[PDB]
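Encoded as structure tokens, the structure appears first; notes follow it.
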Amino acid sequence: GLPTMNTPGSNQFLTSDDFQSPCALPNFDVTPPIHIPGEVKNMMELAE
Amino acid sequence: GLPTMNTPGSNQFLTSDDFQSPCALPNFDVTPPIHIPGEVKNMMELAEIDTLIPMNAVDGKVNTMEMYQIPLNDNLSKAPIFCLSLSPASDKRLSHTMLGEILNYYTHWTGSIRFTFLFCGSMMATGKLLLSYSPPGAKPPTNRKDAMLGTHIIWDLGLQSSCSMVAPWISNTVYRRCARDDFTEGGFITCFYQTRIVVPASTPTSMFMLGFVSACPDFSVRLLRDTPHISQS
Amino acid sequence: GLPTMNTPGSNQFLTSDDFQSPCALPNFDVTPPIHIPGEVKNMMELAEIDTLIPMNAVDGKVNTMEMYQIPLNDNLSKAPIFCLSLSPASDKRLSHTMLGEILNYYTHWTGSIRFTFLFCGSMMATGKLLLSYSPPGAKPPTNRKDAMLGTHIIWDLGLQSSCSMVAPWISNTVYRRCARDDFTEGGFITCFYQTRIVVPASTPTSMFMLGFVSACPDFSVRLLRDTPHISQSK
Amino acid sequence: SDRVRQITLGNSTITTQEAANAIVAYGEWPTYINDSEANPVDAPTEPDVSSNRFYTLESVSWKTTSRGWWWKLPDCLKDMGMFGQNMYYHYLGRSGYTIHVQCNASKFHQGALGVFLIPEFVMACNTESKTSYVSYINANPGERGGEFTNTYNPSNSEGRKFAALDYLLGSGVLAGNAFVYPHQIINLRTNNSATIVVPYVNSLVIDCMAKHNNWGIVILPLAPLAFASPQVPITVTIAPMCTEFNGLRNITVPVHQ
Amino acid sequence: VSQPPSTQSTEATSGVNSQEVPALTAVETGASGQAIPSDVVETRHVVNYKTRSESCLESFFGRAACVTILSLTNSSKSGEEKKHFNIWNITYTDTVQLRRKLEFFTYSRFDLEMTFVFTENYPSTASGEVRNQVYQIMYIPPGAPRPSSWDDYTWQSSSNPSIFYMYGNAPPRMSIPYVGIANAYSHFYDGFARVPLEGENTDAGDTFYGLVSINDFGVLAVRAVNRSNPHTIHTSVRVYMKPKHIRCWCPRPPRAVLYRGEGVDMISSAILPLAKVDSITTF
Amino acid sequence: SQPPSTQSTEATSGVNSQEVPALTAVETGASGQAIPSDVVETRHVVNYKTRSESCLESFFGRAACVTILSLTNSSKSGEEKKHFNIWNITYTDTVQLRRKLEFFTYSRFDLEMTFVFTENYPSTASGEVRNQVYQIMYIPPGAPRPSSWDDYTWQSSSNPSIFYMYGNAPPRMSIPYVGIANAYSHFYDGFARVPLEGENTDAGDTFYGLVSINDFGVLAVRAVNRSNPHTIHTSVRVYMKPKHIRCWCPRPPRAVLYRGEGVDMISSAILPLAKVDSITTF
Amino acid sequence: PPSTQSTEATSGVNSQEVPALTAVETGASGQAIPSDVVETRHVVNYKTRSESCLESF
Amino acid sequence: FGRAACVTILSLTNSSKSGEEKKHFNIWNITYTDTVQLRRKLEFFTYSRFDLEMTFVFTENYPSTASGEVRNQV
Amino acid sequence: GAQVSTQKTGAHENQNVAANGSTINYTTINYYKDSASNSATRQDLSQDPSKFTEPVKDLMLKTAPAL
Amino acid sequence: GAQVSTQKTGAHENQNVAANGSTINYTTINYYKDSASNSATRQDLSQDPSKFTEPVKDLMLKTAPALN
Amino acid sequence: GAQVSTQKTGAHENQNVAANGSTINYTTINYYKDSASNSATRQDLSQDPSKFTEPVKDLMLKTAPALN
Ligand SMILES: CCCCCCCCCCCCCC(=O)O
Ligand SMILES: CCCCCCCCCCCCCC(=O)O
């Protein structure tokens, strides 16, 4: 076993937490995207 | 599934640690910097600034503006004008100067200390003063002879009124404690008249001088600590 | 993020651990080193220093200065005049010497041991002593004959006031226990007169010898252990 | 020699015979806002002559019983002619300053005055209950400025005013550490004046003059005005530097007393 | 991989009979004299490898400090719902040691780390069993809606960040980027939020002079997440905060008197920072 | 390369020469130098044994218990002061460690500190008590010390500290060498102050020795949790080891049990050795 | 990264073609910016629209 | 010889009684001979040379009728 | 297999040019077979507001008569 | 995408000039999207006290008469 | 930026030369900025006993009589 140390912040859930996680459905075949008119990239495009 | 082992120290909070931590606001745009004047990089840049010594914290002068005024007289005197113990973070008068206050956040320190004195007398008055520093472990100067024996400088009254003296870094240890210590003391600072102040007619027969203290360029500190000066209920 | 598995031994404290840990005092300036004289790098450097053997263990000479003074007389005698059990750490006479104390921090030891003697009698007196080491598993060296059968030197007293006898590392085991292990018997160190001390008229007829013990260069120790020589209240 | 200096700005000049060289806060000369650092988007007003000229504030008397004087810098100049009009006509603005303080005396006079410039000179409320802060009017003395005291009398006109011991600079700090701020000293024995060049200093590039006092001016006796009571006048004269404004609007008229 | 610079070294220096002597100057100029011992006394050469690492602003302000203590109660009585959660203004004002360090500068710019140390005890002799609880620390930026109770919709936190922590686990931690509006945070504000105009109250400004009216970074909302128990349990959060990646501007004097309140205002009972000495000549 | 081994034995035959490594003089201050190849006929022996466990780093490489502090978290008002415990920084509390450290007059090292916690209900009646977190903080000499467990100084704005939940891995921290000298001294043959003519007729009795000279501040350990109806006795053990260590100027081991922090002896224990019936008794 | 739009310095306009006038009946939004409406100064604008990305929203 | 085997059982007691304080600790001679399956495997050889690793398993109960709160022990 | 990307500018980072130093970069590795397991992707700062603000068949300039 | 930097000197270093080889180094990797998540910055000891102790428009030399 | 070194041998290992097999290899990375946080140093088997056992100003030989 590789020596490690858990720092503060361990075992916590932040709603803005951005990390990797296991797939609930391994190898799931995702429906191909199609072009749909009206693509939005940013909320500011609507602000204008 | 990389095998790992949690070593002691795991799952503890150290207030002085340095670990990475995820941002709670991902991709947040930080207000761009501008060139704000007066940038400080280090606390020592402030340690080198001359501030006044509240030297005259004596009855009737305690906690007032007059506390910073060192009296002078034109009469004969063999007595010291003033005495300080060189303990910049523990002396009652020095722990409150900027040097002392920055230093109150440190445990240990080194380097030389500079003192500057200024005559705020009339232009008409003349004479000379003896500024002197005596290293630790000996009877502190009691008179002018002792003052002449140790390190000293003669400060004449003149147009370049200000005069500095440097208490050189003489120490057994490399660093001294900031804290008052029976073992470690910084020696003594005194001042005596070299000669009587000569005062012309219709000229004040009493004056004041101001004293300042600051860090020398070889000055440093070792470890951050809580200060005793601020408290809270 | 990265999948991991905690193994046995996780979240335990071992006094023998050698792991990194965060500094409680970040960016601290460590007072620069200077060339301090007398550097020691290894405990064996101290093991090799000759120290005195508290040989005179007879009641009344114990825990006093005389404890290190071995009497000699010019009286004719064939008696043994010295008896050590060798175990540097367990022999009551050796366990308190520096070599013995260093070994009381270790479980096992190896290498040859040197015994050095100094004659402190008159300049006028002369004579010869038999210094001998007898390997274990044998009848103790009752007399000079047995001492002669074992490993020995003769110390001819003269200008060179001292001599050294070496008890070579003869052992069945590679290492012996520091502990009083009857299995790893030390052997015997003894001394007999080779000849009566010759003392001319008008000199002392009773004199002292000092003895020293030290490690030889092939000496070493193994596992570290608590020493039984120190204690305290709870 | 360095003792004699002449400062020219706009359409007015100060000539001084005995100045203790000169100070620039932080060694930073005032400049105009760069394109790389700007909030306003409108073309700026740059009234260089009308604003960057010296103006004199009413002088004060130095007595042996004086404990100090103070001003808020843009406040003391807020009604100052054409400069003052631009301050009231625009929402935003920025300026540096040249502050020249002069106090003449005979060679037979003794004493000293320290001049310190404090960014963000926030003063303590006088009243102990601390349930009320200082009103706009009381907080902004105008050209006359205010004064320091030597006693604290926090009675619950007092309720809404600033008060400051000279001793603690109205800030709760010791006055002896005031030297941390850009400063120069007028020692009557050595010089008649002090000159400090002041850059605009804020967390913002530009700000609103009617709301914020970028700097304050603190003048304290350091040594008594001994003479063999005496009185000596102190005059403070100030000019804006690199003045610029943004956000032109109708005239702003503050609450009056 | 360069060697860091040291503090000033000393060159061996002989005594002098110079007619140009650095000992005298004119402090009136606003400039400090610069004498180092070699300018005053005879000195030896000294190799100086000492540094100012511990005094870097990053190191000075590099420690987490307790900034506030919040408390909440998990109980089941008719008058206790309001005590289930705690709403607090974000500020460093609450604790004096950190505030004083920050007050050395007029302006500062930094990122922050927030660390929360949780504890609990029984305020009541019932001493009954309770389950390990989950606590929620939600941040509500200014102008965002606030909860009326601990059990409300705002706790959904769909846009607001929020952290859920279990008691007994490592203290939770998160990073906050500089969020100031200005290009630095101001520690002081010599001004008003608004300008009372001619058509106003004479005392206007009494409710808003100072930083107290412009500094608003929202609140933290802390609640036990767990439904209440028959046995009351009292809990609290010691909030720790640390400056990181910090730079400061425009140094000023440290506070000499007991703080009190939100401004710089002192109290009459604590306006005397120094001790008395019987004499000017006493060592 | 290969870790250097201890001395190998060269083979040798009988010697009838006049070189005499067997005889010497120790009066010179030198130790005897003889080895088996000087004294007896020998065989060649290859020696690969390594003096690694005798390196000073190894010798001092294991953490020792240094101190045990007693804290009690209790609701009784008369026991409130027991909620926290302030200990002087020292290694003089435990004898096994002092014994080894005091072998050298001087040393330089970094220090590893760890803690071990355990708790019980010292009272007659146990009951539900929640998991406590402990706050360990260092208060350097000159730093203010708390008068109470809830004293504002536990803000720890500068003083470094650790918050540990009972039951998680024992806490650990590294401390760099902190001497103000170029080495820690383990001894001090001197006085903090030099009494001068006049003053105190015969001063120094209250300030002789290392015990006066090196003030390392205190370690303050508090419970962080408020009190409970049922109270807890909590024991904290402090463990230490030198790491990255160098030593100078070796000394004899102590024979006498230490009479505390000085070098003082108790009259009841100044007899370190057992007797043997005689010189000639094995 | 891509950034938001900057402001160019401008002066007085006596153009027969005016950007401030339009007709929202077309369904297009008005397109005028401050530099078209008033005289402006040059401004470098780094206030990047990252928080507003759908991925962040 | 690739698997760990149980080699001994030690008994520790936390005692609230005036007696059995001595049961708070247990000193065992190190050996593998308490266990027959392991010694039999080792005894296939006259001589052996190996490094050894040890793992411990702790388990505890409340043996008395008077059950009540006990803090987690170390 | 690790990727290296530039971090969002912090409080005391370099100039807005975002091209100064190696200390502004971060490293990330995907640990799963399913891309749905990846942490959020990088933000796309590309925008095209004309799609909704000027969807006019016949393009017009700002100063052109609207009608 | 790691960086390797030297460490501040400890007790065992006989090189207070940080010149004892590869022996003294540490490795750091940033693991987060924002730099606000990075550990504390590299130490920077550059200083310039003249900003606060001698902010004089006129250059003064230490042996110069302060005023002529 | 990992450093490597020879591991001490064990039961199934090679001779005391420790040169046989690349498999005897302990790998380490320092994770902290202060070297005081690093694990213990490499064994230093350098020895100099003469400082304590033969600090004689004169050149003394073992075969020469100690005295003369
Ligand atoms: C989910 C919890 C998020 C925590 C939000 C804490 C925000 C801290 C920054 C706002 C205060 C800035 C002014 C200051 O430094 O005091
Ligand atoms: C946050 C924990 C910091 C504690 C610092 C206290 C100093 C530890 C060293 C104590 C031993 C000094 C004397 C010696 O090593 O010989």
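Ordering of the structure tokens sets the chain letters (A, B, ...), residue numbers begin anew at 1 in every chain, and ligands are numbered from 1 in the order given.
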
What do you get as a PDB file with C-alpha atoms, in the first residue's frame if you pick all residues at most 8 Å from ligand 1, counting only C-alpha atoms and all ligand atoms?
ATOM      1  CA  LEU A  14     -20.214  20.175  -2.097  1.00  0.00           C
TER       2      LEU A  14
ATOM      3  CA  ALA B  24     -16.565  26.271  -4.545  1.00  0.00           C
TER       4      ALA B  24
ATOM      5  CA  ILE E  90     -19.721  37.089   6.409  1.00  0.00           C
ATOM      6  CA  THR E  91     -17.031  39.169   8.011  1.00  0.00           C
ATOM      7  CA  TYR E  92     -13.697  38.915   9.798  1.00  0.00           C
ATOM      8  CA  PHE E 110      -6.492  37.437  -1.874  1.00  0.00           C
ATOM      9  CA  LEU E 112      -9.596  32.305   0.763  1.00  0.00           C
ATOM     10  CA  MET E 114     -12.784  28.064   4.492  1.00  0.00           C
ATOM     11  CA  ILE E 137     -23.562  25.059   5.276  1.00  0.00           C
ATOM     12  CA  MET E 138     -25.203  27.001   2.487  1.00  0.00           C
ATOM     13  CA  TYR E 139     -24.003  30.253   1.070  1.00  0.00           C
ATOM     14  CA  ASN E 160     -26.159  28.650  -4.391  1.00  0.00           C
ATOM     15  CA  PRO E 161     -23.133  26.496  -3.424  1.00  0.00           C
ATOM     16  CA  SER E 162     -23.665  24.363  -0.345  1.00  0.00           C
ATOM     17  CA  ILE E 163     -21.647  21.857   1.630  1.00  0.00           C
ATOM     18  CA  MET E 174     -13.384  24.699   0.245  1.00  0.00           C
ATOM     19  CA  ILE E 176     -13.124  30.793  -2.510  1.00  0.00           C
ATOM     20  CA  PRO E 177     -11.571  32.959  -5.293  1.00  0.00           C
ATOM     21  CA  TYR E 178     -11.208  36.670  -4.779  1.00  0.00           C
ATOM     22  CA  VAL E 179     -14.762  37.970  -5.074  1.00  0.00           C
ATOM     23  CA  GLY E 180     -14.261  41.616  -4.491  1.00  0.00           C
ATOM     24  CA  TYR E 185     -10.820  44.593  -0.827  1.00  0.00           C
ATOM     25  CA  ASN E 215     -19.132  45.716   2.416  1.00  0.00           C
ATOM     26  CA  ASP E 216     -21.743  43.035   1.777  1.00  0.00           C
ATOM     27  CA  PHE E 217     -20.783  39.529   0.819  1.00  0.00           C
ATOM     28  CA  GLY E 218     -23.931  37.712   1.859  1.00  0.00           C
ATOM     29  CA  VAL E 219     -24.433  35.204   4.645  1.00  0.00           C
ATOM     30  CA  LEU E 220     -23.812  31.637   5.597  1.00  0.00           C
ATOM     31  CA  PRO E 243      -5.861  34.303   3.188  1.00  0.00           C
TER      32      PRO E 243
END

Closest atom pairs, chain F residues within 6 Å of chain C, only C-alpha atoms, as JSON lines:
{"residue": "F:6", "atom": "CA", "partner": "C:218", "partner_atom": "CA", "distance": 5.0}
{"residue": "F:7", "atom": "CA", "partner": "C:218", "partner_atom": "CA", "distance": 4.5}
{"residue": "F:22", "atom": "CA", "partner": "C:164", "partner_atom": "CA", "distance": 5.5}
{"residue": "F:23", "atom": "CA", "partner": "C:163", "partner_atom": "CA", "distance": 4.4}
{"residue": "F:24", "atom": "CA", "partner": "C:162", "partner_atom": "CA", "distance": 5.0}
{"residue": "F:25", "atom": "CA", "partner": "C:162", "partner_atom": "CA", "distance": 4.6}
{"residue": "F:31", "atom": "CA", "partner": "C:50", "partner_atom": "CA", "distance": 5.4}
{"residue": "F:36", "atom": "CA", "partner": "C:168", "partner_atom": "CA", "distance": 5.6}
{"residue": "F:51", "atom": "CA", "partner": "C:220", "partner_atom": "CA", "distance": 5.8}
{"residue": "F:53", "atom": "CA", "partner": "C:222", "partner_atom": "CA", "distance": 5.9}
{"residue": "F:54", "atom": "CA", "partner": "C:43", "partner_atom": "CA", "distance": 5.1}
{"residue": "F:55", "atom": "CA", "partner": "C:42", "partner_atom": "CA", "distance": 4.3}
{"residue": "F:56", "atom": "CA", "partner": "C:42", "partner_atom": "CA", "distance": 5.3}
{"residue": "F:62", "atom": "CA", "partner": "C:16", "partner_atom": "CA", "distance": 5.1}
{"residue": "F:63", "atom": "CA", "partner": "C:15", "partner_atom": "CA", "distance": 4.8}
{"residue": "F:169", "atom": "CA", "partner": "C:11", "partner_atom": "CA", "distance": 4.8}
{"residue": "F:173", "atom": "CA", "partner": "C:24", "partner_atom": "CA", "distance": 5.8}
{"residue": "F:174", "atom": "CA", "partner": "C:23", "partner_atom": "CA", "distance": 4.5}
{"residue": "F:175", "atom": "CA", "partner": "C:24", "partner_atom": "CA", "distance": 5.8}
{"residue": "F:177", "atom": "CA", "partner": "C:30", "partner_atom": "CA", "distance": 5.9}
{"residue": "F:182", "atom": "CA", "partner": "C:33", "partner_atom": "CA", "distance": 5.5}
{"residue": "F:247", "atom": "CA", "partner": "C:40", "partner_atom": "CA", "distance": 5.6}
{"residue": "F:248", "atom": "CA", "partner": "C:39", "partner_atom": "CA", "distance": 4.3}
{"residue": "F:249", "atom": "CA", "partner": "C:38", "partner_atom": "CA", "distance": 4.9}
{"residue": "F:271", "atom": "CA", "partner": "C:63", "partner_atom": "CA", "distance": 5.4}
{"residue": "F:275", "atom": "CA", "partner": "C:57", "partner_atom": "CA", "distance": 5.3}
{"residue": "F:276", "atom": "CA", "partner": "C:57", "partner_atom": "CA", "distance": 5.1}
{"residue": "F:277", "atom": "CA", "partner": "C:58", "partner_atom": "CA", "distance": 5.3}
{"residue": "F:278", "atom": "CA", "partner": "C:58", "partner_atom": "CA", "distance": 4.5}
{"residue": "F:279", "atom": "CA", "partner": "C:82", "partner_atom": "CA", "distance": 5.6}
{"residue": "F:280", "atom": "CA", "partner": "C:83", "partner_atom": "CA", "distance": 4.8}
{"residue": "F:281", "atom": "CA", "partner": "C:83", "partner_atom": "CA", "distance": 5.8}
{"residue": "F:282", "atom": "CA", "partner": "C:83", "partner_atom": "CA", "distance": 5.1}

Name the closest residue to chain E among the candidates D:101, D:225, D:234, D:194; distances are taken between atoms, counting only C-alpha atoms. D:194

Can you pull out every residue with an atom within 9 Å of ligand 2? Use only C-alpha atoms and all ligand atoms and format it as number ranges by chain. B: 14, 16; C: 23-25; F: 89-91, 101, 106-113, 136-140, 159-162, 173-179, 183-186, 214-219, 242

What does the file look like for those residues with C-alpha atoms, as a PDB file, in the first residue's frame?
ATOM      1  CA  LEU B  14      -3.599  21.852  10.805  1.00  0.00           C
ATOM      2  CA  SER B  16      -0.661  26.091   9.327  1.00  0.00           C
TER       3      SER B  16
ATOM      4  CA  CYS C  23       5.278  21.195   8.638  1.00  0.00           C
ATOM      5  CA  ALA C  24       3.652  22.938  11.566  1.00  0.00           C
ATOM      6  CA  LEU C  25       5.929  25.968  11.028  1.00  0.00           C
TER       7      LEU C  25
ATOM      8  CA  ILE F  89       7.727  22.053  26.097  1.00  0.00           C
ATOM      9  CA  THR F  90      10.308  19.575  27.295  1.00  0.00           C
ATOM     10  CA  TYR F  91      11.760  16.122  26.812  1.00  0.00           C
ATOM     11  CA  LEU F 101      19.602  12.347  23.996  1.00  0.00           C
ATOM     12  CA  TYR F 106      25.137  19.070  21.289  1.00  0.00           C
ATOM     13  CA  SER F 107      22.650  18.073  18.640  1.00  0.00           C
ATOM     14  CA  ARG F 108      20.731  19.349  15.653  1.00  0.00           C
ATOM     15  CA  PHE F 109      17.586  17.835  14.360  1.00  0.00           C
ATOM     16  CA  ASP F 110      14.102  18.277  13.050  1.00  0.00           C
ATOM     17  CA  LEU F 111      11.334  16.884  15.244  1.00  0.00           C
ATOM     18  CA  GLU F 112       8.382  14.650  14.513  1.00  0.00           C
ATOM     19  CA  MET F 113       5.457  14.881  16.902  1.00  0.00           C
ATOM     20  CA  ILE F 136      -3.605  21.255  20.243  1.00  0.00           C
ATOM     21  CA  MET F 137      -1.803  24.553  19.925  1.00  0.00           C
ATOM     22  CA  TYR F 138       1.653  25.857  20.392  1.00  0.00           C
ATOM     23  CA  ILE F 139       2.152  28.975  22.331  1.00  0.00           C
ATOM     24  CA  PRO F 140       5.730  30.247  21.846  1.00  0.00           C
ATOM     25  CA  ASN F 159      -0.060  30.256  16.883  1.00  0.00           C
ATOM     26  CA  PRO F 160      -0.125  26.980  14.840  1.00  0.00           C
ATOM     27  CA  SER F 161      -2.632  24.338  15.918  1.00  0.00           C
ATOM     28  CA  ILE F 162      -4.297  20.976  15.220  1.00  0.00           C
ATOM     29  CA  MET F 173       3.198  17.234  12.568  1.00  0.00           C
ATOM     30  CA  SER F 174       6.753  18.163  11.553  1.00  0.00           C
ATOM     31  CA  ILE F 175       8.722  20.778  13.405  1.00  0.00           C
ATOM     32  CA  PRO F 176      11.972  22.138  11.891  1.00  0.00           C
ATOM     33  CA  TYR F 177      14.976  22.692  14.120  1.00  0.00           C
ATOM     34  CA  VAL F 178      14.113  25.736  16.240  1.00  0.00           C
ATOM     35  CA  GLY F 179      17.270  26.579  18.090  1.00  0.00           C
ATOM     36  CA  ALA F 183      22.769  23.508  17.992  1.00  0.00           C
ATOM     37  CA  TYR F 184      20.577  22.487  20.822  1.00  0.00           C
ATOM     38  CA  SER F 185      22.612  21.977  23.898  1.00  0.00           C
ATOM     39  CA  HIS F 186      21.691  19.243  26.275  1.00  0.00           C
ATOM     40  CA  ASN F 214      16.104  27.373  27.216  1.00  0.00           C
ATOM     41  CA  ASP F 215      12.465  28.376  27.241  1.00  0.00           C
ATOM     42  CA  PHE F 216      10.572  26.702  24.389  1.00  0.00           C
ATOM     43  CA  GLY F 217       7.107  27.936  25.339  1.00  0.00           C
ATOM     44  CA  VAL F 218       4.169  25.661  26.074  1.00  0.00           C
ATOM     45  CA  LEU F 219       1.819  23.318  24.337  1.00  0.00           C
ATOM     46  CA  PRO F 242      14.507  13.381  16.192  1.00  0.00           C
TER      47      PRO F 242
END

Same-sequence superposition of chain J onto chain K, all C-alpha, as an mmCIF file with C-alpha atoms, in the first residue's frame:
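What landed in superposed_18.cif:
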data_model
loop_
_atom_site.group_PDB
_atom_site.id
_atom_site.type_symbol
_atom_site.label_atom_id
_atom_site.label_comp_id
_atom_site.auth_asym_id
_atom_site.auth_seq_id
_atom_site.Cartn_x
_atom_site.Cartn_y
_atom_site.Cartn_z
ATOM 1 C CA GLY J 1 10.779 14.734 -9.571
ATOM 2 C CA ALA J 2 11.327 11.288 -7.850
ATOM 3 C CA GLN J 3 14.515 9.690 -6.677
ATOM 4 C CA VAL J 4 15.304 6.025 -6.862
ATOM 5 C CA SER J 5 17.569 4.454 -4.311
ATOM 6 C CA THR J 6 18.434 0.921 -3.370
ATOM 7 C CA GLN J 7 16.907 -0.861 -0.410
ATOM 8 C CA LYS J 8 18.641 -2.465 2.501
ATOM 9 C CA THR J 9 18.911 -6.201 1.874
ATOM 10 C CA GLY J 10 16.185 -8.645 2.948
ATOM 11 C CA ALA J 11 15.947 -12.420 3.435
ATOM 12 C CA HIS J 12 15.595 -13.302 -0.221
ATOM 13 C CA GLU J 13 18.605 -11.540 -1.507
ATOM 14 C CA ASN J 14 21.527 -13.729 -2.478
ATOM 15 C CA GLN J 15 23.482 -10.603 -3.166
ATOM 16 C CA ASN J 16 24.596 -9.056 0.095
ATOM 17 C CA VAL J 17 26.563 -6.695 -2.055
ATOM 18 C CA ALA J 18 23.318 -5.214 -3.399
ATOM 19 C CA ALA J 19 23.901 -6.571 -6.882
ATOM 20 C CA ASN J 20 20.775 -8.473 -7.937
ATOM 21 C CA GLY J 21 19.547 -5.928 -10.502
ATOM 22 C CA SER J 22 16.548 -3.528 -10.557
ATOM 23 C CA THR J 23 14.738 -5.978 -8.362
ATOM 24 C CA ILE J 24 15.795 -4.068 -5.262
ATOM 25 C CA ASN J 25 14.894 -0.386 -5.346
ATOM 26 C CA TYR J 26 12.494 2.024 -3.810
ATOM 27 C CA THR J 27 11.036 5.228 -5.093
ATOM 28 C CA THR J 28 10.662 8.368 -3.097
ATOM 29 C CA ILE J 29 8.992 11.706 -3.763
ATOM 30 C CA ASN J 30 9.113 14.640 -1.377
ATOM 31 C CA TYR J 31 5.622 16.145 -1.056
ATOM 32 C CA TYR J 32 6.259 19.181 1.127
ATOM 33 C CA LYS J 33 7.529 22.759 1.141
ATOM 34 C CA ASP J 34 10.086 22.307 3.922
ATOM 35 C CA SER J 35 12.784 19.644 4.080
ATOM 36 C CA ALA J 36 11.870 19.130 7.743
ATOM 37 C CA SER J 37 8.888 17.256 6.339
ATOM 38 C CA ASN J 38 11.065 14.790 4.462
ATOM 39 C CA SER J 39 11.532 11.264 5.646
ATOM 40 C CA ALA J 40 14.742 10.180 7.387
ATOM 41 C CA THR J 41 18.031 10.726 5.578
ATOM 42 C CA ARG J 42 19.994 8.307 3.500
ATOM 43 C CA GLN J 43 22.190 6.134 5.561
ATOM 44 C CA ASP J 44 25.744 7.297 5.770
ATOM 45 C CA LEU J 45 28.179 4.843 7.244
ATOM 46 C CA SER J 46 31.279 6.960 6.981
ATOM 47 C CA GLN J 47 33.006 6.910 10.369
ATOM 48 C CA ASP J 48 36.233 8.087 11.923
ATOM 49 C CA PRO J 49 36.787 6.727 15.454
ATOM 50 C CA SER J 50 40.322 8.125 15.650
ATOM 51 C CA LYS J 51 38.643 11.336 16.689
ATOM 52 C CA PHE J 52 37.831 9.789 20.009
ATOM 53 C CA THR J 53 40.213 6.821 20.363
ATOM 54 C CA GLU J 54 43.523 8.204 19.083
ATOM 55 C CA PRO J 55 43.317 12.044 19.008
ATOM 56 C CA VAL J 56 47.065 12.323 19.256
ATOM 57 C CA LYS J 57 48.966 15.293 17.931
ATOM 58 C CA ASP J 58 51.876 13.013 17.096
ATOM 59 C CA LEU J 59 51.116 10.258 14.640
ATOM 60 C CA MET J 60 51.420 6.871 16.284
ATOM 61 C CA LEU J 61 51.690 3.624 14.377
ATOM 62 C CA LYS J 62 50.349 0.456 15.959
ATOM 63 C CA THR J 63 53.753 -1.269 16.232
ATOM 64 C CA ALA J 64 55.637 1.833 17.161
ATOM 65 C CA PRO J 65 56.855 2.015 20.716
ATOM 66 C CA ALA J 66 54.243 4.285 22.171
ATOM 67 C CA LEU J 67 57.026 6.304 23.733
ATOM 68 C CA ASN J 68 60.745 6.130 22.547
#

Residues near residue 8 of chain I, cut-off 9 Å, only C-alpha atoms, skip fewer than 2 positions along chain, as a PyMOL selection string: (chain B and resi 26-30) or (chain I and resi 6+10+18+24-25) or (chain J and resi 33-36)

Taking only C-alpha atoms into account and nothing else, which residues of chain A lie no more than 12 Å away from chain J? Please answer as a ChimeraX atom specification. /A:17-19

Neighbouring residues of residue 234 of chain F were defined as those with any atom within 10 Å, considering only C-alpha atoms; residues of the same chain fewer than 2 positions away were excluded. Please report them as a list in words. residues 69, 70, 71, 72, 73, 83, 117, 118, 119, 120, 121, 122, 132, 134, 223, 231, 232, 236 and 237 of chain F

Per residue of chain I within 12 Å of chain B, record the nearest atom pair and its distance in Å to one decimal, counting only C-alpha atoms, with rows in chain order and ascending residue number, as a tab-separated table.
residue	atom	partner	partner_atom	distance
I:6	CA	B:27	CA	11.4
I:7	CA	B:27	CA	8.6
I:8	CA	B:27	CA	6.0
I:9	CA	B:30	CA	6.7
I:10	CA	B:30	CA	6.2
I:11	CA	B:30	CA	6.7
I:12	CA	B:33	CA	8.2
I:13	CA	B:33	CA	9.0
I:14	CA	B:33	CA	9.1
I:15	CA	B:33	CA	7.9
I:16	CA	B:32	CA	6.9
I:17	CA	B:32	CA	10.7
I:18	CA	B:32	CA	11.3
I:26	CA	B:20	CA	11.8
I:31	CA	B:1	CA	10.4
I:32	CA	B:1	CA	11.7
I:39	CA	B:26	CA	12.0
I:40	CA	B:26	CA	10.2
I:41	CA	B:27	CA	11.4
I:42	CA	B:27	CA	9.3
I:43	CA	B:27	CA	8.2
I:44	CA	B:27	CA	11.3
I:45	CA	B:27	CA	11.2
